[PDB]
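Everything below concerns the one structure shown next.
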Amino acid sequence: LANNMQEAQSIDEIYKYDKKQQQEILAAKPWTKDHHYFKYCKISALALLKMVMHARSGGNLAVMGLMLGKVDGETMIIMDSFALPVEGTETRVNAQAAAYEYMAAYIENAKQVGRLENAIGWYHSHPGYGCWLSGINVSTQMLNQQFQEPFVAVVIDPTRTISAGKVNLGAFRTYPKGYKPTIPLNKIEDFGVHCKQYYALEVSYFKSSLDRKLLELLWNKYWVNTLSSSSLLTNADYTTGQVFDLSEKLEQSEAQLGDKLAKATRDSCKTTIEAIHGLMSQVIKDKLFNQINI
Amino acid sequence: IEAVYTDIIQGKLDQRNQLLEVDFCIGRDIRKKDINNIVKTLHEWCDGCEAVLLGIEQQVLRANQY
Amino acid sequence: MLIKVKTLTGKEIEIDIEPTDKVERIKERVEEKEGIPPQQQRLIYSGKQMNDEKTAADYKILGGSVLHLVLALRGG
Amino acid sequence: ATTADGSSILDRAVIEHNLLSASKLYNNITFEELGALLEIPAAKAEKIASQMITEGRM
Amino acid sequence: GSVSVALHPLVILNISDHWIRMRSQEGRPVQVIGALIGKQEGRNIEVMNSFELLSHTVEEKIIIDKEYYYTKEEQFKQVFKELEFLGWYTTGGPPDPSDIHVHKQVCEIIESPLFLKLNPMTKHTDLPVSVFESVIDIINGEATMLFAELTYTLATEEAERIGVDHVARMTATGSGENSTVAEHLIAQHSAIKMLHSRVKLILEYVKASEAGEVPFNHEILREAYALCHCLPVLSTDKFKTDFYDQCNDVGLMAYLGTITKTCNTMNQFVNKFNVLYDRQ
């Protein structure tokens with residue numbers, strides 16, 4: 001924990017809110033020009049944890065809520081998530097009367113304490129029903145996007161997440177009216193009949209310096225799973241798939257050349273860095289264990 | 001096989017290469033004056049760990065410099 | 001009259017309606033200001049949603065009132 | 001009763017169990033040693049071993 | 001001892017986010033204060049959530065707002081049903097008379113308030129989170145009050161476990177000015193450090209046993225012998241061949257992957273040369 005910096009780190013400016021910049025970016029409205037504008041959604045660790053806990057706590061029923069944050073450039077930042085007092089069946093949720101009063105009161109109370117962020121989106125949980133936009137979510141997301149432009153639909157699946165051990169969070173945004181534009185068919189199948197109406201987004205997560213510092217001492221028995229990590233063995237299929245997509249991207253960039261090369265180089269660097277990190281861990285293990293009593 | 005049954009050792013025999021591979025064996029009795037012996041070996045292991053740690057630190061420092 | 005209507009995302013709307021006037025008047029003010037359909041709108045004052053059947057003649061609005069506007073949302 | 005080739009049901013069952021148990025303590029075995037371990041040296045040791053496979057039992 | 005308290009890995013994240021957000025907003029580090037919620041089952045207290053609280057300052061005294069607390073208590077009951085006020089938290093180091101004053105003021109709300117202390121500016125590897133319990137002793141005269149230290153647990157839900165593991169295994173949060181090599185090597189360094197500490201403790205114990213200053217245990221010594229007769233783990237030739245094969249494969253994967261980066265730099269250089277040097 002020493003021989004480094006302990007003050008405001010380079011992962012804390014993401015948590016800083018600038019009112020003037022947000023006002024300028026809201027007045028600019030760069031989203032209306034290119035409709036494929038937003039492509040990245042950065043969610044805080046706290047927001048994701050709260051969303052997953054609330055979705056799982058609902059049991060087999062469906063739950064819904066809001067999420068705060070802001071928007072910068074080509075990315076949407078989602079910082080906090082607060083639930084709603086909704087009473088939904090196994091398929092549909094309504095949020096009839098007490099949900100909106102809760103929204104207004106909670107936003108006002110949060111602004112009282114110091115929460116300077118505004119509402120940035122809504123989320124609703126599919127209890128084992130995959131991760132896609134239904135014919136009602138599409139309509140309500142279009143309704144929200146028509147007037148409150150900075151918005152995003154987050155879909156979470158609690159049952160599948162708890163059964164498979166991996167979170168299933170999907171960020172989506174709807175195209176406006178009249179916007180038309182051995183390989184698996186899941187690309188069309190896993191979406192509803194409105195597959196051409198909405199498009200997904202790249203979901204990433206971030207955490208603060210204090211978040212990582214406190215989570216470093218979260219538990220002191222994963223060291224065994226790190227020493228006997230067995231890297232380059234549990235994700236070989238991942239690396240082969242990455243190599244295949246990298247070859248496809250290289251072919252596309254070569255066709256274009258005859259700026260697309262930048263993302264291909266980035267993907268290649270990422271895959272190679274992962275492989276080199278795995279080899280480094282294996283070399284460290286070999287030096288630690290097998291180089292003793294020779 | 002009958003020694004494997006009593007759980008003193010665990011392993012697999014192999015007739016293709018005519019050898020027995022042992023994965024785990026019990027710790028037999030030790031004399032009073034041989035304890036320092038094992039102590040020495042443990043010390044060696046500790047030293048190795050320290051060395052590895054030092055190397056790692058050097059590496060990361062250099063990386064940051066780059 | 002400069003009654004403020006605020007959406008949760010930060011949009012601002014200014015409307016002009018006398019207090020004796022019906023809440024349908026507020027509804028069509030926001031209609032001709034933005035265009036959100038009448039059946040897809042909820043308005044909140046003082047933390048309590050107003051009903052359509054209450055004329056704002058005996059109402060705790062004496063100027064400076066801010067109305068929180070939200071859009072109905074549903075999921076499946 | 002005898003299962004055709006003069007073998008009692010108990011004998012065949014215990015032979016199959018012995019083969020299954022020996023499959024856990026051996027990386028690989030020879031036919032002669034497998035037969036010396038549980039009688040029936042080679043006429044039906046290979047037959048029993050192959051019958052246990054192709055059925056998910058070994 | 002006292003009342004067994006069960007802490008979830010969501011309160012601590014709430015406190016850390018609170019501290020980070022207010023420190024960023026105010027520029028300088030500050031002190032944050034809130035309120036915990038949970039359940040009371042017999043002799044067991046469980047804290048599972050927390051919400052922020054508003055506090056004002058009168059010269060030196062810190063006064064917790066009561067009307068805002070009441071509104072928040074009425075609001076949070078709609079979403080969470082079996083949740084009740086349990087205690088209050090703050091961020092700071094050693095206990096302070098300001099904390100005792102705040103606890104005495106807060107005592108007017110619940111009978112047995114807890115006291116969760118978080119250390120955001122810790123300077124050691126000791127646990128930064130400490131659960132304190134303030135029971136009113138029967139000492140007469142001046143109220144000599146020392147909050148009893150509590151050995152909290154880490155009771156956690158299944159979805160909470162999944163989310164906590166997901167955030168713990170996160171690595172893309174940085175990869176900016178700090179090299180990803182540093183982040184990859186830090187985990188290995190920490191794991192090796194903990195293993196080295198454990199083996200150093202074992203070495204110290206066996207040195208003490210051979211010295212004669214401690215009772216001689218015939219079982220632990222033989223267990224240590226069994227452990228120490230297996231450090232060269234799997235030094236067979238097949239393992240060496242597999243290790244060399246893996247190293248060669250990763251070397252090829254690095255070569256094919258440095259070539260493309262060199263080609264991209266090539267393309268950028270030629271593009272720049274074909275505009276800023278080419279004669280139209």
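To be explicit about the labels: the chains of the structure tokens are called A, B, and onward in the order shown, and within each one the residues are counted from 1, while ligands get numbers from 1 in the order they are shown.
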Which residues are near residue 38 (chain B)? Cut-off 8 Å, only C-alpha atoms, ignore same chain within fewer than 3 positions. Put them as a PDB file with N, CA and C atoms, in the first residue's frame.
ATOM      1  N   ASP B  34      16.930 -33.902  14.208  1.00  0.00           N
ATOM      2  CA  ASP B  34      16.762 -33.595  12.794  1.00  0.00           C
ATOM      3  C   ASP B  34      15.841 -32.409  12.542  1.00  0.00           C
ATOM      4  N   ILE B  35      15.221 -31.855  13.588  1.00  0.00           N
ATOM      5  CA  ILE B  35      14.253 -30.779  13.396  1.00  0.00           C
ATOM      6  C   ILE B  35      14.913 -29.577  12.733  1.00  0.00           C
ATOM      7  N   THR B  41      15.273 -25.986   5.531  1.00  0.00           N
ATOM      8  CA  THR B  41      14.556 -26.021   4.262  1.00  0.00           C
ATOM      9  C   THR B  41      13.474 -24.954   4.233  1.00  0.00           C
ATOM     10  N   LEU B  42      12.697 -24.848   5.316  1.00  0.00           N
ATOM     11  CA  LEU B  42      11.648 -23.838   5.352  1.00  0.00           C
ATOM     12  C   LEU B  42      12.242 -22.452   5.174  1.00  0.00           C
TER      13      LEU B  42
ATOM     14  N   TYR E 225       6.900 -31.662   8.729  1.00  0.00           N
ATOM     15  CA  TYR E 225       7.790 -32.492   7.919  1.00  0.00           C
ATOM     16  C   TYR E 225       7.106 -32.941   6.633  1.00  0.00           C
ATOM     17  N   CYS E 228       7.004 -30.006   4.357  1.00  0.00           N
ATOM     18  CA  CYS E 228       8.311 -29.573   3.888  1.00  0.00           C
ATOM     19  C   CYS E 228       8.980 -30.587   2.975  1.00  0.00           C
TER      20      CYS E 228
END
Select residues of chain C: the criterion is any atom within 8 Å of an atom of chain A, counting only C-alpha atoms; output as a compact mmCIF listing (two decimals) with N, CA, C and O atoms, in the first residue's frame.
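Output file selection.txt follows:
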# COMPACT_ATOMS: atom_id res chain seq x y z
N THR C 7 -38.99 18.78 -15.28
CA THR C 7 -38.83 17.34 -15.47
C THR C 7 -37.63 16.86 -14.65
O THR C 7 -36.73 17.62 -14.31
N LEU C 8 -37.64 15.56 -14.35
CA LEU C 8 -36.59 15.00 -13.50
C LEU C 8 -35.21 15.06 -14.15
O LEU C 8 -34.21 15.01 -13.44
N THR C 9 -35.14 15.18 -15.48
CA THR C 9 -33.86 15.25 -16.16
C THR C 9 -33.29 16.66 -16.23
O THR C 9 -32.12 16.81 -16.60
N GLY C 10 -34.06 17.68 -15.89
CA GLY C 10 -33.57 19.05 -15.85
C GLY C 10 -34.23 20.01 -16.82
O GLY C 10 -33.83 21.18 -16.86
N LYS C 11 -35.22 19.60 -17.61
CA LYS C 11 -35.88 20.52 -18.52
C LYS C 11 -36.78 21.48 -17.75
O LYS C 11 -37.36 21.13 -16.71
N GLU C 34 -44.86 21.39 -25.18
CA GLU C 34 -44.01 20.26 -25.54
C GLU C 34 -44.71 19.26 -26.45
O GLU C 34 -44.18 18.91 -27.51
N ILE C 36 -46.40 16.24 -24.98
CA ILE C 36 -46.56 14.94 -24.32
C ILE C 36 -48.04 14.60 -24.22
O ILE C 36 -48.83 15.45 -23.76
N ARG C 42 -47.90 12.77 -15.67
CA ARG C 42 -48.22 12.86 -14.26
C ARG C 42 -47.55 14.11 -13.69
O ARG C 42 -46.39 14.40 -14.01
N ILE C 44 -46.85 16.49 -10.09
CA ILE C 44 -46.72 16.37 -8.65
C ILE C 44 -46.44 17.75 -8.06
O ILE C 44 -45.61 18.50 -8.58
N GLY C 47 -45.15 16.85 -3.13
CA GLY C 47 -45.01 15.43 -2.88
C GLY C 47 -46.28 14.62 -3.07
O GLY C 47 -46.24 13.40 -2.89
N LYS C 48 -47.39 15.26 -3.42
CA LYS C 48 -48.66 14.57 -3.63
C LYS C 48 -49.18 14.86 -5.03
O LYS C 48 -49.31 16.03 -5.41
N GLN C 49 -49.48 13.81 -5.78
CA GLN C 49 -50.03 13.96 -7.12
C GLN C 49 -51.45 14.51 -7.05
O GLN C 49 -52.27 14.02 -6.28
N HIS C 68 -43.59 19.17 -10.58
CA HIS C 68 -42.71 18.11 -11.07
C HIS C 68 -43.47 17.26 -12.07
O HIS C 68 -44.46 16.62 -11.72
N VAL C 70 -43.59 14.12 -14.74
CA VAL C 70 -43.01 12.82 -15.05
C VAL C 70 -43.88 12.15 -16.10
O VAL C 70 -45.05 12.49 -16.29
N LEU C 71 -43.28 11.19 -16.80
CA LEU C 71 -43.98 10.42 -17.82
C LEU C 71 -44.20 9.00 -17.31
O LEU C 71 -43.30 8.39 -16.72
N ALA C 72 -45.40 8.48 -17.54
CA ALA C 72 -45.74 7.15 -17.07
C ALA C 72 -44.85 6.10 -17.73
O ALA C 72 -44.62 6.14 -18.94
N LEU C 73 -44.36 5.17 -16.92
CA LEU C 73 -43.46 4.12 -17.39
C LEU C 73 -43.96 2.76 -16.94
O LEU C 73 -44.47 2.61 -15.82
N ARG C 74 -43.83 1.77 -17.82
CA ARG C 74 -44.28 0.41 -17.56
C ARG C 74 -43.28 -0.55 -18.17
O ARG C 74 -42.52 -0.20 -19.08
N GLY C 75 -43.27 -1.78 -17.66
CA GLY C 75 -42.26 -2.74 -18.06
C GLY C 75 -42.80 -4.15 -18.15
O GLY C 75 -43.79 -4.50 -17.51
N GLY C 76 -42.13 -4.96 -18.97
CA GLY C 76 -42.44 -6.37 -19.14
C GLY C 76 -41.21 -7.04 -19.71
O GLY C 76 -40.20 -6.37 -19.90
Do you know which residues are at most 8 Å from residue 160 (chain E) counting only C-alpha atoms, after dropping those on the same chain fewer than 5 positions away, and could you put them as number ranges by chain?
-> A: 49, 52-53; E: 9-10
Extract, using only C-alpha atoms, all DNA, RNA and protein residues at most 7 Å from residue 10 (chain B), discarding same-chain residues fewer than 5 positions from it, and format them as a ChimeraX atom specification.
-> /B:4,22-25
Could you list, as an NGL selection string, every residue of chain B that has an atom within 10 Å of an atom of chain A, counting only C-alpha atoms?
-> :B and (41-42 or 44-53 or 55-57 or 61)
What does the file look like for those residues with N, CA, C and O atoms, as a PDB file, in the first residue's frame?
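Resulting contents of part-v2.pdb:
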ATOM      1  N   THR B  41      15.273 -25.986   5.531  1.00  0.00           N
ATOM      2  CA  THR B  41      14.556 -26.021   4.262  1.00  0.00           C
ATOM      3  C   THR B  41      13.474 -24.954   4.233  1.00  0.00           C
ATOM      4  O   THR B  41      13.379 -24.177   3.273  1.00  0.00           O
ATOM      5  N   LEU B  42      12.697 -24.848   5.316  1.00  0.00           N
ATOM      6  CA  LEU B  42      11.648 -23.838   5.352  1.00  0.00           C
ATOM      7  C   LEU B  42      12.242 -22.452   5.174  1.00  0.00           C
ATOM      8  O   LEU B  42      11.744 -21.654   4.369  1.00  0.00           O
ATOM      9  N   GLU B  44      14.864 -21.614   3.546  1.00  0.00           N
ATOM     10  CA  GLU B  44      15.167 -21.444   2.131  1.00  0.00           C
ATOM     11  C   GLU B  44      13.933 -20.979   1.377  1.00  0.00           C
ATOM     12  O   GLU B  44      13.970 -19.964   0.668  1.00  0.00           O
ATOM     13  N   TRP B  45      12.805 -21.667   1.586  1.00  0.00           N
ATOM     14  CA  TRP B  45      11.581 -21.294   0.888  1.00  0.00           C
ATOM     15  C   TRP B  45      11.252 -19.832   1.137  1.00  0.00           C
ATOM     16  O   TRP B  45      11.035 -19.063   0.189  1.00  0.00           O
ATOM     17  N   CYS B  46      11.285 -19.414   2.406  1.00  0.00           N
ATOM     18  CA  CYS B  46      10.990 -18.023   2.729  1.00  0.00           C
ATOM     19  C   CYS B  46      11.880 -17.096   1.920  1.00  0.00           C
ATOM     20  O   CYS B  46      11.393 -16.184   1.239  1.00  0.00           O
ATOM     21  N   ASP B  47      13.188 -17.373   1.921  1.00  0.00           N
ATOM     22  CA  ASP B  47      14.122 -16.539   1.176  1.00  0.00           C
ATOM     23  C   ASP B  47      13.676 -16.407  -0.270  1.00  0.00           C
ATOM     24  O   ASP B  47      13.543 -15.293  -0.792  1.00  0.00           O
ATOM     25  N   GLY B  48      13.353 -17.539  -0.902  1.00  0.00           N
ATOM     26  CA  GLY B  48      12.939 -17.491  -2.292  1.00  0.00           C
ATOM     27  C   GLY B  48      11.757 -16.568  -2.487  1.00  0.00           C
ATOM     28  O   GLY B  48      11.784 -15.678  -3.346  1.00  0.00           O
ATOM     29  N   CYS B  49      10.741 -16.707  -1.628  1.00  0.00           N
ATOM     30  CA  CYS B  49       9.578 -15.835  -1.721  1.00  0.00           C
ATOM     31  C   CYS B  49      10.011 -14.379  -1.701  1.00  0.00           C
ATOM     32  O   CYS B  49       9.669 -13.603  -2.603  1.00  0.00           O
ATOM     33  N   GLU B  50      10.842 -14.017  -0.717  1.00  0.00           N
ATOM     34  CA  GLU B  50      11.307 -12.641  -0.613  1.00  0.00           C
ATOM     35  C   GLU B  50      11.915 -12.190  -1.929  1.00  0.00           C
ATOM     36  O   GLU B  50      11.516 -11.160  -2.491  1.00  0.00           O
ATOM     37  N   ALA B  51      12.821 -13.004  -2.481  1.00  0.00           N
ATOM     38  CA  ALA B  51      13.475 -12.638  -3.729  1.00  0.00           C
ATOM     39  C   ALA B  51      12.439 -12.326  -4.795  1.00  0.00           C
ATOM     40  O   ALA B  51      12.457 -11.246  -5.400  1.00  0.00           O
ATOM     41  N   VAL B  52      11.469 -13.230  -4.967  1.00  0.00           N
ATOM     42  CA  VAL B  52      10.452 -13.029  -5.992  1.00  0.00           C
ATOM     43  C   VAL B  52       9.770 -11.687  -5.781  1.00  0.00           C
ATOM     44  O   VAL B  52       9.690 -10.860  -6.701  1.00  0.00           O
ATOM     45  N   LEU B  53       9.351 -11.419  -4.540  1.00  0.00           N
ATOM     46  CA  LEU B  53       8.684 -10.158  -4.244  1.00  0.00           C
ATOM     47  C   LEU B  53       9.538  -8.990  -4.705  1.00  0.00           C
ATOM     48  O   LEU B  53       9.079  -8.133  -5.475  1.00  0.00           O
ATOM     49  N   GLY B  55      11.870  -8.822  -6.937  1.00  0.00           N
ATOM     50  CA  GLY B  55      11.896  -8.721  -8.384  1.00  0.00           C
ATOM     51  C   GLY B  55      10.637  -8.070  -8.914  1.00  0.00           C
ATOM     52  O   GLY B  55      10.699  -7.110  -9.688  1.00  0.00           O
ATOM     53  N   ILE B  56       9.481  -8.518  -8.414  1.00  0.00           N
ATOM     54  CA  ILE B  56       8.216  -7.964  -8.879  1.00  0.00           C
ATOM     55  C   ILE B  56       8.223  -6.455  -8.702  1.00  0.00           C
ATOM     56  O   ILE B  56       7.959  -5.701  -9.649  1.00  0.00           O
ATOM     57  N   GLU B  57       8.619  -5.995  -7.512  1.00  0.00           N
ATOM     58  CA  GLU B  57       8.651  -4.562  -7.259  1.00  0.00           C
ATOM     59  C   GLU B  57       9.500  -3.863  -8.307  1.00  0.00           C
ATOM     60  O   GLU B  57       9.029  -2.948  -8.995  1.00  0.00           O
ATOM     61  N   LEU B  61       8.146  -0.930 -10.966  1.00  0.00           N
ATOM     62  CA  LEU B  61       8.743   0.398 -10.966  1.00  0.00           C
ATOM     63  C   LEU B  61       9.190   0.759 -12.371  1.00  0.00           C
ATOM     64  O   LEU B  61       8.773   1.785 -12.926  1.00  0.00           O
TER      65      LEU B  61
END
Within 10 Å of residue 28 (chain B), counting only C-alpha atoms, which residues qualify if same-chain residues fewer than 6 places away don't, as a short mmCIF file (atom, residue, chain, number, x, y, z; two decimals) with N, CA, C and O atoms, in the first residue's frame?
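selection03.cif was written with the following content:
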data_model
loop_
_atom_site.label_atom_id
_atom_site.label_comp_id
_atom_site.auth_asym_id
_atom_site.auth_seq_id
_atom_site.Cartn_x
_atom_site.Cartn_y
_atom_site.Cartn_z
N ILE B 8 -2.40 -44.23 3.93
CA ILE B 8 -1.12 -43.63 4.27
C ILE B 8 -0.56 -42.85 3.08
O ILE B 8 0.01 -41.77 3.24
N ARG E 222 5.52 -33.41 12.80
CA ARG E 222 5.44 -34.35 11.70
C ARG E 222 4.59 -33.80 10.56
O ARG E 222 4.87 -34.09 9.39
N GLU E 223 3.56 -33.01 10.87
CA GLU E 223 2.80 -32.34 9.82
C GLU E 223 3.68 -31.36 9.06
O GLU E 223 3.60 -31.26 7.83
N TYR E 225 6.90 -31.66 8.73
CA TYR E 225 7.79 -32.49 7.92
C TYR E 225 7.11 -32.94 6.63
O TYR E 225 7.71 -32.91 5.55
N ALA E 226 5.84 -33.36 6.74
CA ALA E 226 5.10 -33.76 5.55
C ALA E 226 4.94 -32.59 4.58
O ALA E 226 5.06 -32.76 3.36
#
Spatial neighbours of residue 11 (chain D), max dist 12 Å, only C-alpha atoms, sep filter under 3 positions, as a compact mmCIF listing (two decimals) with N, CA and C atoms, in the first residue's frame:
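See selection32.txt below for the written result:
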# COMPACT_ATOMS: atom_id res chain seq x y z
N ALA D 1 -28.14 -68.52 -10.54
CA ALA D 1 -28.13 -69.10 -11.87
C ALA D 1 -26.81 -68.79 -12.58
N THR D 2 -26.59 -69.49 -13.69
CA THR D 2 -25.37 -69.34 -14.48
C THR D 2 -25.67 -68.50 -15.71
N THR D 3 -24.86 -67.46 -15.93
CA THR D 3 -25.02 -66.57 -17.08
C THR D 3 -24.26 -67.15 -18.28
N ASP D 5 -21.95 -68.90 -19.70
CA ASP D 5 -20.62 -69.50 -19.66
C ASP D 5 -20.22 -69.94 -18.25
N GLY D 6 -21.09 -70.70 -17.59
CA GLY D 6 -20.77 -71.30 -16.31
C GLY D 6 -20.35 -70.33 -15.23
N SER D 7 -20.81 -69.09 -15.30
CA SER D 7 -20.44 -68.06 -14.34
C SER D 7 -21.66 -67.64 -13.53
N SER D 8 -21.55 -67.72 -12.21
CA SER D 8 -22.63 -67.30 -11.34
C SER D 8 -22.84 -65.79 -11.45
N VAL D 14 -19.26 -59.29 -9.08
CA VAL D 14 -18.05 -58.93 -8.35
C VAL D 14 -16.88 -58.71 -9.29
N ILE D 15 -16.85 -59.41 -10.43
CA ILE D 15 -15.80 -59.15 -11.42
C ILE D 15 -15.95 -57.74 -11.99
N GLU D 16 -17.18 -57.35 -12.32
CA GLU D 16 -17.40 -55.99 -12.83
C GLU D 16 -17.04 -54.95 -11.78
N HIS D 17 -17.41 -55.19 -10.52
CA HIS D 17 -17.07 -54.25 -9.46
C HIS D 17 -15.56 -54.16 -9.25
N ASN D 18 -14.86 -55.30 -9.31
CA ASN D 18 -13.41 -55.30 -9.16
C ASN D 18 -12.76 -54.52 -10.29
N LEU D 38 -8.18 -60.39 -11.12
CA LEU D 38 -9.56 -60.79 -10.88
C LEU D 38 -9.94 -62.06 -11.63
N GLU D 39 -9.01 -63.01 -11.74
CA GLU D 39 -9.21 -64.26 -12.48
C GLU D 39 -9.57 -63.98 -13.93
N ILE D 40 -10.09 -64.98 -14.63
CA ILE D 40 -10.48 -64.91 -16.05
C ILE D 40 -9.43 -64.15 -16.85
Can you check which residues of chain E have any atom within 6 Å of chain A? Use only C-alpha atoms and format it as a PyMOL selection string.
-> chain E and resi 16+24+54+78-79+159+163+173+191+232-233+254+257+261
